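J.: okay, structure incoming, though there's no sequence with it:
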DNA sequence: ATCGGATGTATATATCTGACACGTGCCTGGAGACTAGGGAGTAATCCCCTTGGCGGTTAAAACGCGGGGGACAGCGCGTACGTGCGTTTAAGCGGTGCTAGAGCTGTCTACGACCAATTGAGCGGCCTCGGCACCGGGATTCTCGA
DNA sequence: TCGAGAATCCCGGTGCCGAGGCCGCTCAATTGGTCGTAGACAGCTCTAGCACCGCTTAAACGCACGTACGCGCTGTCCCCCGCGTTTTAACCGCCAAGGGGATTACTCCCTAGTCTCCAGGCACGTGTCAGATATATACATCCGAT
């Protein structure tokens, strides 16, 4: 089960929904994929670092506390998950 | 010996020198005092926090290691002072 | 497995401030996580300072100093007062 | 007052990499401060992860994992390999 | 005669209701598939908590709306209501993301 | 006939030599007086290390040239060679300084 | 052998004994000031009081008995001091406070 | 640092060389971009529209 | 600038409920009591960095002074983007079922902890001298009017 | 556009003190026992994840299309760059006083560590209403004709 191309699984309607939440009126097309890239790049770090935790955790499943400590180490800490 | 108004002691030539170091060509006047303010505001924190250290240090003179740990706590750490 | 928390204490202080207003478990655990984070903040800061003082003991003066470092202005002021109150109330024990 | 530093080992490894080079004592102090910075960084991260692992023993696995967390790409890879070789050498006797 | 609201107006109300709403705006399964795809790059066949991935998507979308927000602001400083990729790039630049 | 270089040119060379130079660009004593003035606000009659105040001024000027730098960049995105206060303000805004 | 917890001795709610054990197991200092747990827990009591109070303000502002994390986000975004305290902090189910820029309105 | 200094025909290595090398290594910079450098100055960076014509 | 119509949104209502407030029995961390050491606190001493002032210099700042250069305002157009409506599509509910792997307990053991005895690697301190900083002068190259 | 001129690069020479090398002089590193214990590991659960599959549908993609902001260009103003002059105070060098910083030596108050006991906290059941949801309704607001 080898996955691929779920990045475009991000719908442009979803992107513009997030933008409207951010309070944006007019948007260009060139953004979305660009956006996506950033998205990827962003998560590009955390999961790895997260599984890095799981790496030292010696476990096969990945937990929330992983990304908790990541965002912490990434200076983007989050609440509500222990 | 009560001090005052050394903020304007910052010369506009000094400001433009720093700007040229930053690689700036054309500058407006409205910046400098504004600049100064920021400057003040910036240092506004550190010294206090610094002397806060000196506060706990129970000393009358203020040392570099104070601002070292401040910039550290201010996430702007500096080298070359122990 | 016993998992400690402060939902009891957060609910207590909720009632002490708002006997009427309720609480959600999601926001409850949010509160818990938050207080854990800020407690670790103050702990690390005070330990760092004492290490600078090279003092193996951690006392209340450290706590006051470091929360003053932590809190934006007036909060700390207010804060330290009650803190003092506390220790006074506890020193008067 | 007996103060400890590393500038001697700085000069050593310099000659190890550049025998015909001098340094400003200023730069030596800067580098030593950098040494201290990376040391405290790695130590804190290791202690924190061990706390997450509830471990009271910080070992070389923690070291490597925390370096990987900190250093990027080939920096981390080379550092891991070097620490591995060195601990292998020390454990060889 | 058919009616059509003026441009932005509908999107304006969308902005209003989205600042009104708080839930996610990304479909769960696509995001999850993307995450697992990213994961297999570093190591294959790794499992996850639904709570974990919910956290991933929430935190992402938060960072994303923040980026959209300050890029909107920059475009205000760009005196345009349309967004430009350079705005996002330079925003990351100021965000130290370069 | 008297010669005058075109505008910026002299300032351009100034930029070049300042990126060439590395020392401070602020007179020591005025900066020190300013620091002590700021100090007496929080507590009066406090002494300092010359090393300490040298660190203060160096770190300040560093932050300041960084601010000038990215505000220059923003003004590039503002398509102007003249600087505007709003550029600095919004830069701090992106710098989380608001 | 009359018993009385240090929290009651401080007439407060947060568990001085529990937080003391926690900081002890937290490996920050060798010895501790016995009143430091009291003091810190009092500070926590205070700040928690303020934040939950603002939360409840928003809640009954929305006729909501049980407080929702959205109330929490609004509270932490309204107060300058608390927002500054938790600027780079994120909140689950937080959302964004109402904010429309000037030029966004059509003329 | 030695690379930079010898490029500048310098045996004694001044902090400027080290700052330049810092802002010359991308991964090291990323590690140290949050760090400030005494007697560092700024690595020569020239912007496009800054150039004359 | 107004009115009319469309549409979208705030409200009351009803009920469903599942989180949620509430109460339990049982557990162990917290309290209570006791002992030691030794970190911390105090004090007298030294040093010595700092803070203060004084005089001469000029590079630097203040200020002025055109003036070309661009900030900016406006103005045409057009392409790219909102929108509403089509279309089709995976998203979500939900419920099933297996187990891989977390997640727990019970060893036992290697492994620092720690202390004690030993000391040489290292650090404060003292020459020393050579890249390096400064300077002056000559040659090179950018730039602004042809 | 080929010179004039100007800022700069480089070269040789001067003099210097920091970089460095070496020297007394430890205390902190090593060595070696010794001990209680962190966890390594085995070996159990069970459950949460992982995938399966179906059913409904809100949602997503694309279309067409108006349209309106982005963009590109022009001319203006003013204004900040560049240079010239005049003023000054940063600097720099030196001196001096003391007041704080650091030090050491006592001294002992407080905390770590131990042991006892139990009571507040925690997992766990348990009714139960805050509010989620849906619906019809009444109010607000845009958009186009007038």
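T.: Cool, the structure landed. Numbers count the residues shown, from 1 in each chain, chains lettered A, B, ... in the order given.

J.: identify the single longest helix in chain C, thanks.
T.: The single longest helix within chain C, with elements called by DSSP state H, is helix C:25-52.

J.: ok, then the element right after that one?
T.: Remark: after helix C:25-52, the chain's next helix or strand is strand C:57-58, criterion DSSP states H and E.

J.: who does that next one pair up with?
T.: Here the strand partners of strand C:57-58, with direction, are listed using DSSP bridges: strand G:31-32 (parallel).

J.: which strands or helices does the helix or strand just after the partner strand pack on?
T.: Going down the chain from strand G:31-32, the next helix or strand is helix G:35-61, by DSSP H and E. Taking 3 or more CB pairs under 8 Å, 6 or more residues apart in numbering or on different chains; DSSP states H and E as contact, the helices and strands that helix G:35-61 lies on are helix C:7-17, helix C:25-52, helix C:60-70, helix C:74-91, helix G:6-9, helix G:16-24, helix G:69-78, helix G:80-85. C-beta coordinates here come from the backbone N, C-alpha and C atoms, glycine included.

J.: and the contacts of the third one?
T.: Okay, so that is helix C:60-70. Helix C:60-70 has contacts (CB atoms under 8 Å, 6 or more residues apart in numbering or on different chains) with B:49, B:52, B:55-56, B:73, C:38, C:41-42, C:45-46, C:49-50, C:53, C:76, C:79-80, C:83-84, C:87, G:33, G:35-36, G:39-40, G:43, G:85.

J.: separate out the buried members of these.
T.: Applying 16 or more other CB atoms under 10 Å in any protein chain shown to the contacts of helix C:60-70, the neighbour count classes B:49, B:52, B:55-56, B:73, C:38, C:42, C:45-46, C:49-50, C:53, C:76, C:79-80, C:83-84, C:87, G:33, G:35-36, G:39-40, G:43, G:85 as buried.

J.: out of those residues, which are close to DNA strand I?
T.: Subset of these in contact with DNA strand I: residue C:50, counting by CB under 7 Å from any atom of the strand.

J.: near the nearest residue to residue E:42 once chain neighbours are set aside, how many other residues are there?
T.: Of all residues beyond its chain neighbours, the one nearest residue E:42 is residue A:48 (4.5 Å), with distances taken as CB to CB, 6 or more residues apart in numbering or on different chains. Other residues near residue A:48 number 19, with proximity taken as other CB atoms under 10 Å in any protein chain shown.

J.: after the helix or strand hosting residue A:48, next one along is what?
T.: Element membership of residue A:48 [criterion: DSSP H and E] is helix A:31-57. Sequence-wise, the next helix or strand beyond helix A:31-57 is strand A:61-62, with elements assigned using DSSP H and E.

J.: who does that following strand pair up with?
T.: Next to strand A:61-62 in the sheet, as set by DSSP bridges, lie strand E:47-48 (parallel).

J.: is the partner strand anywhere near DNA strand J?
T.: Yes: under the criterion of CB under 7 Å from any atom of the strand, strand E:47-48 makes contact with DNA strand J via E:47, E:48.

J.: so how far is that strand off the chain centroid?
T.: In terms of CA atoms, centre = their mean, to the nearest Å, the centre of strand E:47-48 is found 24 Å from the chain centre.

J.: any idea how far residue A:62 lies from residue E:59?
T.: When CB to CB, to the nearest Å is applied, the distance between residue A:62 and residue E:59 equals 15 Å.

J.: residue E:25: what's it in contact with?
T.: Under the criterion of CB under 8 Å, 6+ apart, the contact list for residue E:25 reads A:14, A:17, A:18, A:21, E:18, E:61.

J.: was I right to think the first one contacts residue E:26?
T.: The one in question is residue A:14. Yes: proximity of residue A:14 to residue E:26 meets the contact threshold set by CB atoms under 8 Å, at 5.1 Å.

J.: which of these two has more residues huddled nearby?
T.: A direct count of neighbours by other CB under 10 Å for residue A:14 and residue E:26 places residue E:26 higher, at 21 against 18.

J.: apart from its chain neighbours, what residue comes closest to the residue in chain A positioned nearest to DNA strand J?
T.: Scanning chain A for proximity to DNA strand J using CB to the nearest atom of the strand identifies residue A:11 as nearest, at 3.2 Å. Distances taken as CB to CB, 6+ apart put residue E:27 closest to residue A:11, at 7.1 Å, once the chain neighbours are dropped.

J.: got the phi/psi numbers for the one you found?
T.: phi -70, psi 140 (degrees, to the nearest 10).

J.: gap between it and residue C:54?
T.: Distance from residue E:27 to residue C:54, counting by CB to CB: 56 Å.

J.: check residue C:92 too.
T.: 32 Å.

J.: equivalent analysis for residue C:17, please.
T.: For residue C:17, the distance to residue C:54 under the criterion CB to CB works out to 41 Å.

J.: so which of those two has more stuff around it?
T.: Regarding residue C:17 and residue C:54, a neighbour count based on other CB under 10 Å identifies residue C:17 as having more, with 15 against 6.

J.: picking that back up, in helices, which of the contacts of residue E:25 appear?
T.: A:14, A:17, A:18, A:21, E:18, E:61.

J.: out of those residues, grab the one that's most surrounded.
T.: residue A:21 (26 neighbours).

J.: how much space between the closest residue in space to that residue that isn't next to it in sequence and chain B?
T.: Residue nearest to residue A:21 in three dimensions, not counting chain neighbours: residue E:18, with 3.9 Å by CB to CB, 6+ apart. With distances defined as CB to the nearest CB, to the nearest Å, the gap from residue E:18 to chain B amounts to 33 Å.

J.: find the closest residue to DNA strand I in chain G.
T.: Residue of chain G nearest DNA strand I, by CB to the nearest atom of the strand: residue G:17 (1.9 Å).

J.: give me the most central residue, chain G.
T.: Taking CA atoms, centre = their mean as the criterion, residue G:48 is the residue nearest the geometric centre of chain G, at 3.2 Å.

J.: list the contacts for that residue?
T.: By CB under 8 Å, 6+ apart, the contact list for residue G:48 reads C:10, C:13, C:31, C:35.

J.: tell me, how many neighbours does the last one end up with?
T.: Read it as residue C:35. For residue C:35, the tally of surrounding residues (other CB under 10 Å) stands at 21.

J.: next, count neighbours for the closest residue to it other than its chain neighbours.
T.: Nearest residue to residue C:35, sequence neighbours excluded (CB to CB, 6+ apart): residue G:44, at 5.6 Å. By other CB under 10 Å, the residues close to residue G:44 number 25.

J.: how close does residue G:44 sit to chain A?
T.: Distance, residue G:44 to chain A, by CB to the nearest CB: 15 Å.

J.: ok, now residue E:50?
T.: Note on residue E:50: its distance to chain A, by CB to the nearest CB, is 9 Å.

J.: residues in contact with the residue nearest to the spatial centre of chain C?
T.: Taking CA atoms, centre = their mean, the centroid of chain C lies closest to residue C:39, which sits 5.9 Å from it. For residue C:39, the contacting residues are G:19, G:22, G:23, G:40, G:44, taking CB under 8 Å, 6+ apart as the criterion.

J.: list the contacts for the first one?
T.: Right, the one you point to is residue G:19. Counting by CB under 8 Å, 6+ apart, the residues that residue G:19 touches are C:39, G:37, G:40, G:41.

J.: can you check the last one too?
T.: With contact set as CB under 8 Å, 6+ apart, residue G:44 has these partners: C:35, C:38, C:39, G:14.

J.: what about residue 13, how many residues nearby?
T.: Unless you meant another one, I'm taking chain A. Other residues within reach of residue A:13 by the criterion other CB under 10 Å amount to 10.

J.: think we crossed wires, I meant chain E
T.: Neighbours of residue E:13 under the rule other CB under 10 Å: 13.
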